[PDB]
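The opening residue of the sequence shown carries number 96 in the entry's author numbering; numbering runs sequentially from there. Positions of the beta carbon are idealized from the N, C-alpha and C atoms, including for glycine. Quick notes on the structure that follows.
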Amino acid sequence: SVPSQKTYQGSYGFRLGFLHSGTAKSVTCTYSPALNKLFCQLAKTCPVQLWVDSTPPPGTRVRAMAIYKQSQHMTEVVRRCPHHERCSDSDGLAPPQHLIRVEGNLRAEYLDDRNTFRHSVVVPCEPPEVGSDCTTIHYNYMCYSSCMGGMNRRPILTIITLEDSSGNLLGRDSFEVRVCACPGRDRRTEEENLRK
Ligand SMILES: C#Cc1cc(C#CCOc2ccccc2)cc(CN2CCC(N(CC)CC)CC2)c1O
Ligand SMILES: [Zn+2]
């Protein structure tokens, strides 16, 4: 099977937000609205905002999953490459095979789907801190797009789903990801290509 990537705000007006980090050579994570694409360095913090129009119920959760963007690869599970799955860079919670981790959340849960074998990471959806209008999840991507025997230069999408306590769909959004050494340069390059 293949998970849906259809944008769905749902009853709560769910959608993502991204910071404006620019494209300096030193940047470690940067988002392109024109491309709907996040560019980031390996294992570096990727802040993703969650926005809602109204408060979802207690027990609501937020799941992240990667899929290949190209249809001919969509049924293949996105996982870490044969090198990175063995580099013992565990945080104590994420299985070493999982591409996407959540940083600094002890209530993160990692799922190996018993039927599809796909990986995902899920956290509780809770209200913003006083003074804030949204919540932010910090994700890490644990292989380069180029990793041989893993993503192997194939683009991926991250799908973020807002779910009820049973795992039923409440909302969905998504963005492409490139994990690379120089996110700023690559964003500038791909934006120029799009323009041309
Ligand atoms: C992102 C996020 C987000 C998540 C939740 C949640 C949850 C589930 O857990 C619960 C735990 C205890 C109690 C209840 C739920 C709640 C709010 C509140 N927000 C205030 C601002 C409001 N309008 C501004 C005035 C939007 C215009 C939208 C909702 C979030 O913004
Ligand atoms: Zn790798």
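Reduced DSSP secondary structure (H/G/I, E/B, other) of residue i
i    : result
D186 : coil
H168 : helix
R110 : strand
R174 : coil
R181 : helix
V143 : strand
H193 : coil
First through last residue of the beta strand (DSSP E) which encompasses residue i
i    : result
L264 : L264 to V274
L289 : Looking at the DSSP string, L289 is not in any beta strand (DSSP E); the run it does join, the alpha helix (DSSP H), is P278 to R290.
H233 : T230 to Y236
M246 : Segment: none, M246 is in no beta strand (DSSP E) and carries neither H nor E.
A161 : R156 to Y163
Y103 : Premise fails: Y103 is in no beta strand (DSSP E) and is neither H nor E.
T125 : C124 to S127
Of the residues the options, the one placed nearest residue i, counting alpha carbons only
i    : options                   : result
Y205 : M160, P151 and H115       : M160
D186 : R196, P177 and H179       : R196
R174 : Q167, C182 and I162       : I162
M246 : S106, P152, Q165 and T102 : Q165
Cβ-based neighbour list, residue i, same chain, cut-off 6 Å, excluding 5 preceding and 5 following
i    : result
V272 : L133, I251 and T253
Close-in-space but distant-in-sequence residues of the same chain around residue i (CB under 8 Å, 5 per side omitted)
i    : result
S121 : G279
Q100 : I162, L252, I254, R267 and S269
Give the residues whose C-beta lies closer than 7 Å to at least one heavy atom of ligand 2, in chain order. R175, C176, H178, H179, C238, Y239, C242 and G245
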